[PDB]
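# Remarks on the overall topology
Take a look at the letters that make up each chain.
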Amino acid sequence: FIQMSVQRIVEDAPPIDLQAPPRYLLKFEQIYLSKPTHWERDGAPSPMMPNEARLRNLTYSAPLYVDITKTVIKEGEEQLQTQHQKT
Amino acid sequence: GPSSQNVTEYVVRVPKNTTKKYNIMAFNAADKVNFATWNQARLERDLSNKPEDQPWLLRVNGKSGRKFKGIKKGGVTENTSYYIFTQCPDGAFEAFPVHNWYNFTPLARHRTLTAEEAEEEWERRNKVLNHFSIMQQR
Amino acid sequence: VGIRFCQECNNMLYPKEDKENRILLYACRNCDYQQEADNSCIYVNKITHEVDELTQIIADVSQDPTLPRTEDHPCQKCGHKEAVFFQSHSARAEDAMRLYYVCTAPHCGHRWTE
Amino acid sequence: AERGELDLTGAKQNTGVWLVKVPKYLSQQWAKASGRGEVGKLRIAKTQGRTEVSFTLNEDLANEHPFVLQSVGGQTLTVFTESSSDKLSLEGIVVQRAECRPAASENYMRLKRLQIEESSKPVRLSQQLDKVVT
Amino acid sequence: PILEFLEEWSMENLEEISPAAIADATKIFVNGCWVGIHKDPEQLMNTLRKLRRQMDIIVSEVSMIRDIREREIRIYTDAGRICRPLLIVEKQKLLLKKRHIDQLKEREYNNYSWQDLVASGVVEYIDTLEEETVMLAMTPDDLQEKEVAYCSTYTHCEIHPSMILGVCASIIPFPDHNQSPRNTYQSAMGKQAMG
Amino acid sequence: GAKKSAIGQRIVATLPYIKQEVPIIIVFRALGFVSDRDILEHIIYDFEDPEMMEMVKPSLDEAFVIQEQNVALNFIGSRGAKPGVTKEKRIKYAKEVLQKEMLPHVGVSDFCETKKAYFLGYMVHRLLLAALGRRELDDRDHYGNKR
Amino acid sequence: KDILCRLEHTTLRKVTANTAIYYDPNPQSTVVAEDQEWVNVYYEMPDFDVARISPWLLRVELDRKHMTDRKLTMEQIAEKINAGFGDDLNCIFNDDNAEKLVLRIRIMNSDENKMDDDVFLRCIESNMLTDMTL
Ligand SMILES: [Zn+2]
Ligand SMILES: [Zn+2]
């Protein structure tokens with residue numbers, strides 16, 4: 001599921017097209033997964049050990065990031081493409 | 001004789017590009033098609049949708065002859081190829097890839113019940129009597 | 001018993017009689033096409049339907065590893081000693097315990113019932 | 001004479017053509033050559049009561065392909081072409097059907113294994129990150 | 001990969017054949033989709049079995065079922081199919097020999113593991129559907145040996161008949177000497193045992 | 001009934017998003033197969049067998065009124081999830097259901113009609129075998145039929 | 001056992017080998033010589049049908065074993081069919097000596113002299129097999 005299904009689902013998703021004139025396209029390229037991480041109240045991330053989650057009643061979850069490419073067509077025959085890596 | 005041990009060898013030629021694309025036209029064997037009667041043949045794109053992404057429509061000998069509708073093959077030959085070998089005086093076989101595969105099915109030419117009229121016959125769901133007489137009224 | 005389709009629109013051909021000639025005919029409904037009837041039998045209903053199971057058997061069953069094999073029933077055609085036997089297991093028979101034998105010799109799909 | 005009319009001269013000539021299916025590597029090699037003028041030679045051997053058809057790959061192209069015929073009575077195949085000038089024509093009627101198969105039994109699978117690997121090369125999958133994105 | 005191999009093999013596409021040819025040929029189903037027909041099912045199955053045992057194009061968890069009577073070959077590749085490893089039998093002989101046992105005996109410092117047995121083609125996974133077409137031997141010591149002629153065509157053999165039991169049923173000693181309901185009762189009781 | 005008993009048993013199809021059962025032959029007509037021979041070719045692969053041919057005869061009579069693909073498509077659209085204001089919408093909706101909502105695993109493209117016709121005929125062929133007793137009924141408890 | 005037979009329901013389907021419908025234009029040369037042997041005897045001096053007769057014929061073959069098991073008689077069956085349908089149908093049956101038991105059925109002559117003439121006989125065939133009680 002993590003290795004294949006998650007990437008397949010994201011890839012299989014149709015690109016989001018906005019038109020309302022400028023036209024914006026969004027495409028999700030790659031899926032990134034990090035180690036199960038916990039954030040302290042101060043905002044500092046740290047690896048979440050399974051024992052810690054059991055004691056502190058946390059959820060053993062890994063942050064999920066996706067590469068998104070944003071291309072905008074402004075009807076001026078100019079295309080601007082920007083990628084938001086690991087969103 | 002020589003045929004009992006005849007051996008033939010021919011060269012294979014693959015021209016890069018051809019001015020005319022090659023396609024495949026298929027007819028059902030039970031259709032019992034006869035090319036001798038094909039005095040005239042007209043092949044035009046269908047107008048039901050209303051171009052390259054629409055089925056073909058084949059008409060033979062105008063309205064008098066049988067009419068066939070062509071449909072592009074759904075399967076994609078990504079891992080396969082089709083070629084046609086044509087005899088030539090030089091004797092070197094030539095292979096031409098098929099651009100597309102089309103299947104043609106005959107279309108019947110007779111008074112067909114209209115959708116609105118078909119509603120009237122629906123009341124006789126199973127009480128229909130003398131199925132033959134249905135088309136006599138039409 | 002046989003089934004025919006009109007050569008015009010390839011639709012089912014149904015029986016019909018002509019009073020003028022009093023001869024059985026097959027006429028297509030949506031086509032008006034007509035054909036001379038040669039069978040003369042509209043249909044046959046087999047209540048007992050004692051269809052020979054040997055016809056239904058497929059010669060390829062000899063390739064089944066789970067079917068039992070007997071060397072005591074040699075093939076009547078090729079004489080091969082080894083043969084594979086099994087029961088019909090076909091519904092509507094109301095009774096089935098006899099064995100149907102198929103020759104195991106390749107290219108000889110002979111089938112028989114003892 | 002009309003744009004939609006189909007030329008039937010080929011059919012009237014009873015032109016016979018053969019329909020052959022070939023693997024990807026054979027077609028790929030022909031595509032690689034880009035139509036230099038020759039890709040191989042087809043050899044047909046007829047015996048007293050049997051016929052043998054095979055194709056020989058060009059030695060230069062590489063740096064046997066036996067042909068198995070199939071019955072044509074199951075279908076009526078005809079070839080029609082659409083010229084760039086918008087003049088449809090019927091090339092002819094297929095008179096024989098054949099299939100091309102490889103000679104290698106096991107070592108061929110190694111090529112397929114690479115081909116499957118090539119096919120799965122663009123199959124993207126999720127990646128693991130040592131550190132949390134900041 | 002299976003579909004591509006089938007097209008490469010002498011399998012006729014469904015869109016290219018005439019309906020008349022289906023009667024003699026055997027339908028080919030891949031994950032429940034009728035892909036085409038084949039006129040030589042026996043060779044195709046042997047080729048498919050060889051590929052899976054060699055792990056060339058067909059992975060271990062792929063089920064290849066030939067319905068000889070129904071003239072159908074069903075290939076399954078989806079998830080959720082329950083399968084168990086079974087020893088392959090050829091000519092009333094286990095493909096597993098003493099050398100494999102000896103290699104396994106030194107499982108460590110040898111890199112020889114269970115996956116090597118699957119790669120070696122001596123043991124393969126069989127799902128429920130394929131089990132119907134499998135002629136299986138409970139043990140090699142008795143059923144493979146020459147005896148009163150019952151079955152001379154065995155396709156597979158159990159690694160051990162005791163494996164039919166689960167985690168909880170596996171801790172019952174001499175479970176074959178107890179009434180079956182008792183075995184079930186212990187299975188539940190074992191879940192409630194302290195330790 | 002005099003008519004029901006004589007013809008025998010007819011086959012109907014329960015397509016998704018359709019309130020009422022649709023006769024099987026109509027579905028094949030909507031797919032683009034009008035002639036009886038073409039339809040029977042996808043259902044019966046051996047016309048030499050007369051017993052199977054007689055089984056489909058009542059179904060053919062049921063859909064005898066519909067002899068056009070568009071008429072078949074309109075009929076299915078009539079029972080669509082939402083009522084069709086006009087015939088064109090009904091036909092378009094009916095094509096939409098068949099194209100993707102019917103046998104999606106077979107195909108979801110516009111060129112998959114032939115593929116679905118074969119599979120649909122196989123389902124009919126499988127049903128005929130069960131009705132004829134030539135094939136044993138499927139067992140739900142069989143886990144070969146389970147995931 | 002006599003009481004048993006008098007109670008257990010018996011329909012024409014139970015003791016019927018098969019039923020076939022033939023056009024049978026000429027009653028004399030009905031279908032084949034087998035019927036020719038005994039059909040003529042009824043037609044040498046036929047009664048109640050000389051006026052007219054329906055073209056279509058319904059031929060019924062009755063299993064000897066089933067008939068013997070229930071001790072049924074062809075004359076009784078004809079009377080039952082005649083009783084059920086009155087003069088609507090004409091029933092002709094062969095002698096019990098013949099190894100094959102046959103029973104020809106047609107429709108009244110007056111009607112011959114609206115649904116259909118072949119379909120209606122089909123309805124009677126199903127009607128007699130199941131609904132009719134012997
Ligand atoms: Zn017609
Ligand atoms: Zn034999």
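### Considering the coordination of the zinc ion (ligand 2)
- For the zinc ion (ligand 2), every protein donor is listed as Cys-75 of chain C (SG), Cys-78 of chain C (SG), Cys-103 of chain C (SG) and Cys-108 of chain C (SG), and the spread of their distances is 2.2 to 2.3 Å.
- With four donor atoms in place around the zinc ion (ligand 2) and angles of 108 to 111° between them, the coordination shape is tetrahedral.

### Some words on the interface of chain D and chain B
- Opposite the 49 residues of chain D that make contact, chain B presents 48 residues.
- Of the roughly 4,600 Å² buried between chain D and chain B on both sides combined, carbon and sulfur atoms contribute 60%.
- Three residues stand out in chain D for area buried against chain B, namely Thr-76, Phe-80 and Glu-82 of chain D, and they jointly supply 14% of the buried area on that side.
- The tally of links between chain D and chain B comes to three salt bridges.
- A salt bridge links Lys-41 of chain D to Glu-9 of chain B, with the shortest nitrogen-to-oxygen separation between them at 3.8 Å.
- Summed over the shared surface of chain D and chain B, the number is 23 residue pairs in polar contact.
- Contributions of two or more residues to the side of chain D that touches chain B are made by β1 (16-22), α2 (24-33), β2 (40-46), β3 (51-57), β5 (75-83), β6 (88-100) and α4 (107-120) of chain D.
- When residues in the side of chain D that touches chain B are grouped by element, the largest group, nine residues, is from β5 of chain D.

### Concerning a negative patch on the surface
Residue and element names in this part refer to chain B.
- A cluster of acidic side chains, namely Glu-116, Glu-119, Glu-120 and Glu-123, defines a negative patch on the protein surface.
- With respect to the element layout, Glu-116 can be found in helix α1 (residues 115-122).
- Residue classification places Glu-116 among the partly exposed residues on the basis of a relative accessible area of 48%.

### Some thoughts on the packing of α1 of chain B against helix α5 (residues 69-78) of chain F
- At a minimum axis distance of 10 Å, the contact between α1 of chain B and α5 of chain F shows a crossing angle of 60°. With respect to α5 of chain F, the axis of α1 of chain B lies oblique. Once α1 of chain B is placed against α5 of chain F, the crossing between them reads as right-handed. Contacts between α1 of chain B and α5 of chain F pair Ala-115, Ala-118, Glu-119 and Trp-122 of chain B from the former with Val-71, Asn-74, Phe-75 and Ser-78 of chain F from the latter.

### Brief notes about empty space enclosed by the protein
- Estimated volume of the largest cavity: approximately 320 Å³.
- As for the largest cavity, its lining consists of 22 residues, and the residues nearest its centre are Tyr-82 of chain B, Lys-21, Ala-98 and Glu-99 of chain D together with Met-11 of chain E.
- For the lining of the largest cavity, the elements supplying multiple residues, two or more each, are β1 and β6 of chain D together with α1 (2-8) and β1 (11-13) of chain E.
- Per-class residue counts for the lining of the largest cavity are 11 nonpolar, three polar and eight charged.

### Comments concerning the nonpolar core
- Counting 66 residues, the largest nonpolar core has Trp-34 of chain E together with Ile-26 and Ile-76 of chain F as its most contacted members.
- Beyond its immediate sequence surroundings of up to four residues, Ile-26 of chain F is in contact with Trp-122 of chain B together with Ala-63, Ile-66, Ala-72, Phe-75 and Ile-76 of chain F.

### Regarding the arrangement of the chains
- Ranking the 12 pairs of chains in contact by contact count places chains B and D at the top.
- What separates chain A from chain B at the closest point of their C-alpha atoms is a distance of 20 Å, and the two make no contact.
- Separated in space, chain C and chain D share no contact, their closest pair of C-alpha atoms being 17 Å apart.

### A look at the coordination of the zinc ion (ligand 1)
Residue and element names in this part refer to chain C.
- Note on the zinc ion (ligand 1): its protein donors are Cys-6 (SG), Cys-9 (SG), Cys-28 (SG) and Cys-31 (SG). The metal-donor distances range over 2.2 to 2.5 Å.
- Relative to the metal, the four donor atoms surrounding the zinc ion (ligand 1) lie at angles of 104 to 120°, and the coordination shape comes out tetrahedral.
- Considered as a linear motif, the donors of the zinc ion (ligand 1) on their single chain read C-x2-C-x18-C-x2-C. Linking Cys-9 in the segment before β1 (13-18) with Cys-31 in the loop between β2 (23-28) and β3 (34-36), this pair joins segments that are 22 residues apart in sequence. The same class applies to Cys-9 as to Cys-31, namely buried.

### Quick look at the interface of chain B and chain C
- Chain B puts eight residues into the contact, and the matching count from chain C is 12 residues.
- Of the roughly 830 Å² buried between chain B and chain C, counting both surfaces, carbon and sulfur atoms make up 55%.
- In this assembly, chain B and chain C are joined by zero salt bridges.
- In this assembly, chain B and chain C are joined by one residue pair in polar contact.
- Here the residues of the side of chain B that touches chain C sort into three nonpolar, two polar and three charged.

### Structural notes on the domain arrangement of chain C
- Annotation of chain C at the domain level lists domain 1 (1-45) and domain 2 (46-114).
- For domain 1 of chain C versus domain 2 of chain C, the distance between C-alpha centres works out to 38 Å.

### Side note on the pattern of salt bridges
- Counting across every chain of the model gives 46 salt bridges over all chains.
- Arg-45 of chain B is the salt-bridge partner of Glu-52 of chain B, the closest N and O atoms lying 3.1 Å from each other.
- Here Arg-45 of chain B falls in the partly exposed class, since its relative accessible area comes to 21%.
- Of the charged contacts in the structure, one is a salt bridge between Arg-122 of chain G and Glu-54 of chain F, with a shortest N-O distance of 3.6 Å. One end of the pair, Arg-122 of chain G, is in helix α6 (residues 119-131); the other, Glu-54 of chain F, is in helix α4 (residues 50-62), on a second chain.
- The network of salt bridges with shared partners includes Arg-52, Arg-53, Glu-90, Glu-124 and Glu-130 of chain E.

### Considerations on the sheet that holds strand β5 (residues 69-70) of chain C
Residues and elements named next belong to chain C.
- The four strands lie next to each other as β5-β6-β7-β8, forming an open sheet whose pairing is antiparallel. Taken across any chain shown, the strands that pair with only one partner, and hence form the sheet edges, are β5 and β8 (111-113).
- Note that β5 and strand β6 (residues 83-87) share two bridges and pair antiparallel. Each residue of the ladder has a partner; that of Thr-70, found in β6, is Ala-83.

Criteria and cut-off values
- Residues numbered from 1 in each chain as written, not as in the entry; some residues may be left out.
- Chains lettered and ligands numbered in written order.
- Part of a larger assembly, values for the part shown.
- Heavy atoms only, no water.
- Donors = N, O, S within 2.8 Å, 3.2 Å for Na, K, Ca; no water.
- Tetrahedral: all angles 85-135°; square planar, octahedral: opposite > 155°, others 65-115°.
- Contact = heavy atoms within 4.5 Å.
- Buried area = accessible area lost by both parts, 1.4 Å probe.
- Salt bridge = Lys/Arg side-chain N within 4 Å of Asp/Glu carboxyl O.
- Polar contact = N/O pair within 3.5 Å; in protein donor to acceptor, adjacent residues only side chain to side chain.
- Helix = DSSP H or I, 4+ residues; strand = E, 2+ residues; numbered from the N terminus.
- Patch = residues over 30% accessible without salt bridge, like charges linked within 9 Å, V, L, I, M, F, W, Y side chains within 5 Å.
- Areas by Shrake-Rupley, 256 points an atom, 1.4 Å probe, with all protein chains shown as cover.
- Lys, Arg positive; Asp, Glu negative; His and termini not counted.
- Charge placed at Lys NZ, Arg CZ, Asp CG, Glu CD.
- Buried < 20%, exposed > 50% of the residue type's maximum accessible area, 1.4 Å probe, protein only.
- Axes fitted to C-alpha atoms, helices over the stretch in contact; angles between N-to-C directions.
- Parallel < 35°, antiparallel > 145°, perpendicular 65-115°, else oblique.
- Left-handed = near helix turned anticlockwise from the far one by under 90°.
- 1 Å grid on protein atoms, 1.4 Å probe; cavity = no way out; pocket = protein on both sides within 12 Å on 5 of 7 lines; lining within 4 Å.
- Points joined across faces, edges and corners; volume = space filled by probe spheres on them.
- Nonpolar A, V, L, I, M, F, W, Y, C, P; charged D, E, K, R; others polar.
- Core = buried A, V, L, I, M, F, W, Y, C linked by side-chain atoms within 4.5 Å.
- Domains from an automatic or database assignment.
- Pairing = 2+ DSSP bridges.

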